[PDB]
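One chain is shown next in structure tokens, namely the form deposited in one PDB entry.
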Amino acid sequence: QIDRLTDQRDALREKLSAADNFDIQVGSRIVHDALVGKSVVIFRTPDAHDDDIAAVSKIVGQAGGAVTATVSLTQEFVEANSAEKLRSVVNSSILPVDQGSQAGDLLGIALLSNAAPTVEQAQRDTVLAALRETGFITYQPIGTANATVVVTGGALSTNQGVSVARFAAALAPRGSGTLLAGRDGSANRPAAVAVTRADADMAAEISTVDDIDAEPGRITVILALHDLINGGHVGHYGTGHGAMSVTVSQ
């Protein structure tokens, strides 16, 4: 059994490298004009992978778009042991109840352009500085964006999934499209992609990709984000539970 499983695995690893090579090489052709003139802000959870975010950022650029910022959500933010703390330092009511919704509404007004009063640079910088000072976020490097991708890791062991799904759902009405993307395993509870797909309201509001660890998933983030911005069309993609198909049907 061990011999057959290792020979099968070794041959599959070789075959997958050729498949990944093809998809990386033709990626720019697949995403051509998908995000022309559009800006995207990326949010990442603590379990998100650098390589997944770098591949998504690169494909946004190949699609004619631009990334305004990468904002990291800290362990303190996702662990929801500070809803009262968040409101005490900065809340969405100061700009022109659960932690996820409140932070999504606040960061959405601050970083996304409503499809509403324009948020000036100083108000945005004050909001970002307050959240960083209190341990909620870190960020690189900030202008306003049209759309957003919230990137997570894969499976969660054990309400971190809920707070991130509610965070993404609260960002959605503040811009032209929100996509929640996770790695393989994110389509299983209690991860955020699974929470989103199991709730009729959230699944009709934001798109999801469950396999951002693979090249088809990284490309699909851009294609599905294009469908959100241009067509107002939501979709759930990948290889896990609740995925309607590996990628956009059109």
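Take the two forms, find the largest set of C-alpha atoms that superpose within 1.5 Å, and that set is the rigid core. Counting begins at 1, following the sequence as shown.
Extent of unmodelled deposited sequence, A116 relative to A115: Gap between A115 and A116: 1 to 3 unmodelled residues.
- Using what the record says, work out whether there is a hole in the model between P96 and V97 and how many deposited residues it spans (none, 1 to 3, 4 to 9, 10 or more). According to the record, 4 to 9 deposited residues lack coordinates from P96 to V97.
* Asked: Looking at the entry, does 147-155 or 74-82 show the higher mean C-alpha B-factor?
  -> Result: 74-82.
| field | 164-172 versus 121-129 - which carries the larger mean C-alpha B factor in the record | value | Of 121-129 and 164-172, the stretch with the higher C-alpha B-factor average is 121-129.
**Request:** Could you say which of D184, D47, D199, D33 has its CA atom at the highest B factor, as listed in the PDB entry?
**Result:** Most elevated C-alpha B-factor of the set, per the entry: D33.
- Item | Lowest, middle or highest third - CA B-factor, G108 | For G108, whose C-alpha B-factor we compare with every modelled residue in the chain, the answer is the lowest third.
- Compared with the other modelled residues in the chain, in which third is the CA B-factor of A63? Within its chain, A63 is a highest-third residue by C-alpha B-factor, going by the deposited values.
Comparing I137 with the other modelled residues of its chain, is its CA B-factor in the lowest, middle or highest third?
Its C-alpha B-factor, which the entry lists for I137, ranks in the middle third among residues of this chain.
**Prompt:** So where's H226 on the chain's Cα temperature factor ranking, which third?
**Reply:** Ranked within chain, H226 CA B lands in the middle tercile.
Discussion item. Which third, lowest, middle or highest, does the C-alpha temperature factor of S28 belong to within its own chain?
Written reply: According to the entry, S28 has a C-alpha B-factor in the chain's highest third.
As for the form deposited in another entry, it is not shown, yet the points below apply to it.
- Query: Taking the rigid core as reference, does the Cα of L131 move 2 Å or more between this form and the one not shown?
  - Reply: No; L131 is a residue whose C-alpha shifts by less than 2 Å between this form and the one not shown when the cores are overlaid.
Note to self: Superposing on the rigid core, is the Cα displacement of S72 between this form and the one not shown 2 Å or more?
What the structure shows: Not so; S72 is displaced by less than 2 Å.
- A147: Cα shift of 2 Å or greater between this form and the one not shown (core-aligned): No; that C-alpha moves by less than 2 Å between this form and the one not shown.
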